[PDB]
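Included below are structure tokens for two forms of one protein chain, each presented in isolation as structure 1 and structure 2.
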Structure 1
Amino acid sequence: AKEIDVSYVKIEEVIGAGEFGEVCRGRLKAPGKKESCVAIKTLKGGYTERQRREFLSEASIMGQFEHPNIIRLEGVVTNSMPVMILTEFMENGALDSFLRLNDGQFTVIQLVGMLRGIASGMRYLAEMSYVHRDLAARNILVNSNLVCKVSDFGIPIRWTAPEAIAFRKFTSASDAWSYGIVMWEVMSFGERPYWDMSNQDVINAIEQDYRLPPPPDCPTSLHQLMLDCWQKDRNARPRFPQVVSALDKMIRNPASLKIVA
């Protein structure tokens, strides 16, 4: 629905590499509108015709959404080559590597505001009956004001709920499990979940009631919220409306974030 003329894009600088090509920063400018900043995903010569429709599957599903915590589709370039998806440019890049860079350097309140934006984007996706399946801190992007936005549209054992591993039943409740792992990643400044362990070590521990402990300095009520998301029984996990309001309660009552083991 958003076919964009190729003379309207100036590619400026490579900034990353997604699974099927380079990712660049750039400028978009169409007649009658302001110039804006965009990220540009490309797919260069040499690919199948179902590989092309899977690249562009990202843009079709992404053009469905409109929410301040979901990355925006500016448009596509298909009628020519190279093929392109244009999205919103995100100054502080991926969330896990942004926090490792900034380790120990943001307040609990700021970290909670990140998690509340991600939960809000999750709450909106669940309301539209879209199940993400790949929620992880590496698929959340951060802009100049620290606003967090879910990307990656279109299995990661340690982010995935038990019943989704065993039976391939992927729901919003299994996304809630993945969300609790994102809480842990955020509160541990981008440490890798289950550090040392292998995928089968992780699965064996979970089935045997092991759960990631609180990160150093982590409020007790954030950890409980993680443990609520990690219940074996998928129907006892909080849904995302409940998650966002638990976090809102923390932000209005910041004396509850001072208490720790």
Structure 2
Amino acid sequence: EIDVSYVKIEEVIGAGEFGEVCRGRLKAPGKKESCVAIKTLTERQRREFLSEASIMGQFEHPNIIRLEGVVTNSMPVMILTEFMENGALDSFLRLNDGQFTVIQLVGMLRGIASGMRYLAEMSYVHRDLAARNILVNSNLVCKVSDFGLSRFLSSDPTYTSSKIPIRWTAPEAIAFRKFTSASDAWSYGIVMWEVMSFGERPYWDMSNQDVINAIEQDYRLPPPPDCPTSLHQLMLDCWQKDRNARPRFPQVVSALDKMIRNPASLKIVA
């Protein structure tokens, strides 16, 4: 797809599954030089690495990381995507602790929910939705990234797994490997708490076993400081023990839109 002569690699920005993640340049003829993220690279791992580019290529949405192309016929094999100037959402919010308003954070979560509404519509289950896997650009637009664990799902559509993020995963997905859009809805609830608390670790320093024990006790994360009750209530809906009681991603987008429509409901805090 992309010839190496147009690619230039810069500093390492992250550590992927199959290798490094770098910042860089893409100067294709007939277009200006653009900022890109370069993902670099077992024979089965080559199929799994290129499968992520195969998935990304099928997507077209403002809240899903855009693929620029791939370096196929050359070495090293590289996947090129749009560059996200501010990187991971959790680390960005920890660094800018208390530097954004409620409506800005709601815009971020509304973006994530639209991207996730798109993924469910395309019959895909993410299974790795966390703030660290959400990327931020210069204009503060949030996009779903890392489709490595993403799987293609009539009746009750479930993906049953054989590397599970415990504190971001629904009970029935940990306990019975049952992955559905409802288990992604649970993950989104956690992302909402991570966003409203400016990158606080879900369940603090609690070990993974303490987290599994807390969820069985019916304990749910409290509203982060200055978090509107309506946003915490929406988190509690995502965290319903019964996967079927959780809201669907179009219902999540509409609940957030109602809060944007009436900014006085966000002023209500506990």
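In this text, the rigid core denotes the largest set of C-alpha atoms whose superposition between the two forms falls within 1.5 Å. Throughout, residue numbering runs from 1 along the sequence of structure 1.
After superposition on the rigid core, the Cα atom of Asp248 is displaced by less than 2 Å between structure 1 and structure 2. Core-superposed comparison between structure 1 and structure 2: CA of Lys232 displaced by less than 2 Å. After superposition on the rigid core, the Cα atom of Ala30 is displaced by 2 Å or more between structure 1 and structure 2. Aligning the rigid core between structure 1 and structure 2 leaves the CA of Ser57 offset by 1.6 Å. Here the rigid core is superposed, and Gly21 then shows its C-alpha moved by 2.5 angstrom between structure 1 and structure 2. The Cα position of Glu66 changes by 0.4 Å between structure 1 and structure 2 once both are aligned on the rigid core.
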